[PDB]
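Residue numbers (PDB author numbering), protein chains in the order written: chain G, 15 to 50; chain B, 7 to 127, 133 to 340; chain A, 17 to 56, 207 to 253, 264 to 303, 311 to 325, 336 to 394; chain R, 27 to 229, 243 to 313; chain N, 1 to 9, 17 to 84, 90 to 126. Beta carbons are placed, not taken as given, at the ideal position from N, Cα and C, and that holds for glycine.
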Ligand SMILES: O=C(O)CCC/C=C\C[C@@H]1[C@@H](CC[C@@H](O)CCc2ccccc2)[C@H](O)C[C@@H]1O
């Protein structure tokens, strides 16, 4: 259990602003074709 | 060892807090909101004698499969409403079903701890029997591989042609209720009765990340179309959007008028809308970015048990305990 | 078109399946390990007065049963077997019965309560609950057994009035009148359902 | 002392009651269908639909008759209107009685022997029974047309029924006796079945007993004078019989039964009222 | 993260809850005697309503909950390990899997020796 936490704590994390921008860009790009 | 676990938990929480500088709601404040979405029922499918427990759309966007309490697995042609197949099950306690991407195989399972796989060329083709608890969800990777999740706190990757458990995924502390496969078909997620979702690597077989922000059992899970986020629905009447790269919760979809859990979660084709099936006999369509309820789907006489969105996004199929399956457009 | 013909054939098969399915009464058998549930997934099918009963006993999964119990929402009745001999584990049985009775998804299912191993209780009484001292037996047919029955009925009538009913029964290890009691209780349950439908409850 | 106001008030009350009954019945059938076959709900739906349609058609024809100043000569050259009005009256009278009798029979079966009712009946038999009752009612209505005789216009100059104010051959007597006997048999079967159900329930029980008593009393009180008068007319030659006022104070006391059926069967329950 | 930290061990056992809305769930106090299995001890609802105790501790124990401080107190006056457990779902008047070997929403527990 401790080894799993140690492994999960040793990753690189991307700032929330970049993730939100990517989600917004994907939604804007693909909104034109969505039938709903 | 408990003190060390607390130390790494605190370190993870601190890193997550430092990584989060802004919020999704703050960014999604200058964009136009989605107008009032009113989706009408175009087709209704009848024939199930009892409550429908699960369903799965086909990869051809036309045929679908639905399993009911009467031990019936019915494959419908959605366009003309005409029934294509009807398979009787050995046990009438089915909890899930699946449709192979090639459209040749169909899998189900339930309280018998058996993953039954039928060949549509309808005789049973395989019985994967390695689990200790009830099988809650099974998804098809290929005609020779399948991924299942059981109530014994484990997931599994089975090779169909042999019938053996190629890989086993452990780490959950409660019954696993749902799983979703990434579009790349190399990573997936699993939600359990532990208020924690986890990300598994299919090839590696080890858990990469765990996201825990919920408060109660997670009943459903779905993956973002671009493969870098996922939304989970739980028993605390909330949905939550988690991001893979930021490894943190992004938005919470809930209103101060719902006191019932979510039994099904799915996205739209572009991901702008998030559809959540509730136990209040109705479904809600949220704006996945603005976190505002854009619409309500009503017309079911019992709780919505399964909900799915067509591959091309032209329809949404909801199956409830009212023994009726409704297609909305 | 052949597709419509196949649909019609499947519809006829489903009508026949509905006809056979509506005539079989499904029951769920629950109880602790010490309680003799066997003597009363394992599926046992029996026939009483040309009526078919199918009782399912689930014992293959783990002890966390708040999720797979929802699969038994439309069951006709829950046959709940309690080992009335063991006083130490009696409170555990009471808690299980209360959780079953007050469940949201099982708030409309009646419970046929069997109090097994009455011979052991009778032997034990003849040479845990402080409330037993200030208790007197009611004017019923022919004290500890009636006390336990009242303890279960207190939870039974505490909540859910007019939605479902609890039917106590005193069964020995060699009592063969269990099928008749199950049939009578199912008949009363069907009568209650008909009455509720006829009054638009 | 005859006016269209009676007709229009009976019309509007009947349509309003039946519309509310149909709405609440649809809601209740949606709620109750996914627990068992709702035979009682289906039979009540048939009853309220029949009452609604009969009220609408017969009242519309009566209003048309009143509006034409009872000038029955110059609008029915072939007397097709009289035949249609008589057919509608006979159907709207016979169908509710038989439907009530069948509902009472089904309720008695489902109360006295519930397990046999649930296992060996199914909804297909109920649908066939309802359709057969409707077809039998329409066939008995069509019988005079299918024969040689035709519906005559009654002495009130406002409705068409069997040939009463005349000493005709055996055909008119046969038809009058047939209608009266069918009505009395339906009333007796309903009374017996409701009494059996109430006796069994006495030994939600109070609500059912009260509803059964109300059904029995309403049906008997509001349907006995009309059938008794028709029996007296048929058995006699109308030389020593009743007058037009009694017949009219019996068409108008039947119409009240038709109005009160949806109130007494559905809308008066505690769950519906709340 | 659903966290329930127990402390204490007449006694005044305390259970501090974090990670969820405290005044929305029905709480239980459970014990495990050494060499035995889990046994339910006491139960309190979400608003100080009807309180349940096991037969052996009726009257002798008291249980309270401070919703403002999001804490659960058990005042006692046998030797066992005590836990505070939560109902799986909110807005519900029943706890199903509280007395289980592996429960996800149960605290670590404190030892009490007499
Ligand atoms: O001119 C007068 O005043 C009387 C003339 C009557 C002519 C039509 C009555 C109509 C009623 C029809 C109800 C319907 O159920 C028939 C009842 C019935 C069937 C069978 C045998 C007896 C009676 C409507 O409600 C309103 C209107 O009055």
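Is the beta carbon of residue i within less than 6 Å of some heavy atom of ligand 1?
i	result
residue 94 of chain R	no
residue 44 of chain R	no
residue 136 of chain R	no
residue 88 of chain R	yes
residue 212 of chain R	no
residue 185 of chain R	yes
residue 224 of chain R	no
residue 81 of chain R	yes
residue 294 of chain R	yes
residue 126 of chain R	no
residue 290 of chain R	yes
residue 37 of chain R	yes
residue 33 of chain R	yes
residue 115 of chain R	yes
residue 189 of chain R	no
How big is the Cα-Cα spacing for residue i and residue j?
i	j	result
residue 114 of chain N	residue 184 of chain B	8 Å
residue 384 of chain A	residue 331 of chain B	28 Å
residue 332 of chain A	residue 237 of chain B	The residue list of chain A ends a segment at 325 and starts the next at 336, so residue 332 of chain A has no coordinates to report.
residue 166 of chain B	residue 33 of chain A	34 Å
residue 216 of chain A	residue 144 of chain B	35 Å
residue 56 of chain B	residue 286 of chain R	53 Å
residue 45 of chain A	residue 247 of chain A	8 Å
residue 104 of chain N	residue 169 of chain B	38 Å
residue 29 of chain A	residue 43 of chain A	25 Å
residue 30 of chain B	residue 336 of chain B	35 Å
residue 173 of chain R	residue 95 of chain R	31 Å
residue 205 of chain B	residue 8 of chain B	19 Å
residue 26 of chain N	residue 199 of chain B	26 Å
Please report whether the beta-carbon of residue i lies at a distance below 7 Å from any beta-carbon of chain A.
i	result
residue 140 of chain R	yes
residue 62 of chain N	yes
residue 110 of chain B	no
residue 108 of chain N	yes
residue 102 of chain N	no
Taking the alpha carbon of residue i as the point to measure from, which residue in the options has its own alpha carbon closest?
i	options	result
residue 22 of chain G	B:30, B:22, B:32	B:22
residue 250 of chain B	B:64, B:277, B:94	B:277
residue 83 of chain B	B:76, B:49, B:115	B:49
residue 31 of chain A	R:149, R:165, R:187	R:149
residue 141 of chain R	A:46, A:357, A:386	A:386
residue 139 of chain B	B:116, B:133, B:127, B:126	B:116
residue 205 of chain R	R:121, R:45, R:276	R:121
residue 252 of chain A	A:41, A:39, A:338, A:349	A:338
residue 81 of chain N	N:3, N:4, N:27, N:8	N:8
residue 172 of chain B	B:124, B:148, B:163, B:161	B:124
residue 301 of chain A	A:340, A:377, A:347, A:40	A:340
residue 111 of chain R	R:195, R:162, R:80	R:80
residue 127 of chain R	R:306, R:156, R:113	R:156
residue 314 of chain A	N:4, N:62, N:54, N:30	N:62
Within the 7 Å Cβ cut-off, does residue i reach chain R?
i	result
residue 50 of chain A	no
residue 276 of chain A	no
residue 20 of chain B	no
residue 390 of chain A	yes
Beta-carbon of residue i versus every beta-carbon of chain G: anything under 7 Å?
i	result
residue 25 of chain B	yes
Are any of the Cβ atoms in chain B nearer than 7 Å to that of residue i?
i	result
residue 103 of chain R	no
residue 236 of chain A	no
residue 228 of chain A	yes
residue 22 of chain G	yes
residue 39 of chain G	no
For residue i, is the beta carbon positioned less than 6 Å from some heavy atom of ligand 2?
i	result
residue 118 of chain R	Ligand 2 is not part of the structure shown, which contains ligand 1 as its ligands.
Does residue i come within less than 7 Å of chain N when only Cβ atoms are used?
i	result
residue 184 of chain B	yes
residue 356 of chain A	no
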